[PDB]
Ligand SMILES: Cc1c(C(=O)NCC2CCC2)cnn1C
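Given as structure tokens, the chain that follows is alone and in the form deposited without the ligand.
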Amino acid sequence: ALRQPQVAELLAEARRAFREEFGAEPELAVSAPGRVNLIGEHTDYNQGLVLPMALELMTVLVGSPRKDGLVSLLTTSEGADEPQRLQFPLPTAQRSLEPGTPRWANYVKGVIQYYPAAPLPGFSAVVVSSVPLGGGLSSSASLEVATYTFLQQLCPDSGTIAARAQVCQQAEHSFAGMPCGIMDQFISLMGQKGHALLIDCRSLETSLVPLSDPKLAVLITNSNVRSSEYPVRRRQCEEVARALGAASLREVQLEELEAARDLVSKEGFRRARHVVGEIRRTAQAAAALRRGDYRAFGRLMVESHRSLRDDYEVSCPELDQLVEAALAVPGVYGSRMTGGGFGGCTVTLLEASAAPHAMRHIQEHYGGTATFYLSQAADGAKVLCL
């Protein structure tokens, strides 16, 4: 089941590490959670709908401003790239920051580089995280949003919440070489406890769908395996949208995609069929969840996974084996791969009482080492007072 430390443990760990690294007590502290997507995969960059929820796994940042004008960072996460420490001067008009080594610091460097407010002072900071790094629960986005929320303490920002999510997204593109969508940054910033967020990535309007049923559990199963094909999938969708004269696959419904089948590639048609169908499935999933129809929600999860496995082809044999094992347990409503795919985690919605047997059944039928997280919908990025 694997324990989830709470803000008190992470804050204390981060603050003890700060004292034993910089001599003084930290002056500021922030946290930003990871996320799991209940449904709506690879609709992100297609101006579609997603239904993520923030997790109890989070990244905590403690620090203090400096008069030096340098940034000094240390992270305690064991999976972090080596070295665990890095120091650099703040960017100027002449010289700007550039991505490099270690890779974990590029997320921090990107947000600093693209931070819209000034003057930004130097700072010392310690980073702690309970999000498994690169495990498909968007550890990077939690670090980007935590960094942004920390910098707001150094110098308050003026833009909208959407502008903050796009800054962290701009950091991921340039400093991490990953052309991701907006969901991970958005849900980390905007999550609310006991609620999933139906996010329209075209209008950035959000809808809060409550998930605070004690008889309901969300189970995260990390496959522990491992994105070469993610870019390619993005441009196949843009070519299909361009071929149909539309700005994005959000503007295309299944009937028009079927009517224009001969205007696009055979693979391109199979990618758009998932994207257009998945957008519709999340709208149906949100509605099913509002009225408490967990069985209908679970069936939409299974359709989403099979669609990702056959039409979008972004699943792997380990994920498919984890989903089929979970689907055999009654009291599991549905199971599905989450994140970009090619490994990572599977999300499962199930009855709370069935969680112990589900984990034993999933583990027994998996040809690897599966790690489990039982998570509730958590709050978004928040300032912590020391």
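Numbers follow the displayed sequence, beginning with 1.
The same protein has a further form, the form deposited with the ligand bound, not shown here; the description that follows concerns it.
**Q** If the cut-off is 4.5 angstroms on heavy atoms, which of these, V30, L322, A358, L57, is the one near the ligand in the bound PDB entry?
**A** When the ligand is considered in the bound PDB entry, the option within 4.5 Å is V30.
**Q** Taking 4.5 angstroms as the cut-off for heavy atoms, does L11 touch the ligand in the bound PDB entry?
**A** Yes, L11 lies within 4.5 Å of the ligand in the bound PDB entry.
**Q** Can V383 be called a contact residue for the ligand in the bound PDB entry at 4.5 Å between heavy atoms?
**A** Yes - in the bound PDB entry, heavy atoms of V383 and the ligand come within 4.5 Å of each other.
**Q** Is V7 close enough to touch the ligand in the bound PDB entry, meaning at least one heavy atom pair within 4.5 Å?
**A** So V7 counts as contacting the ligand.
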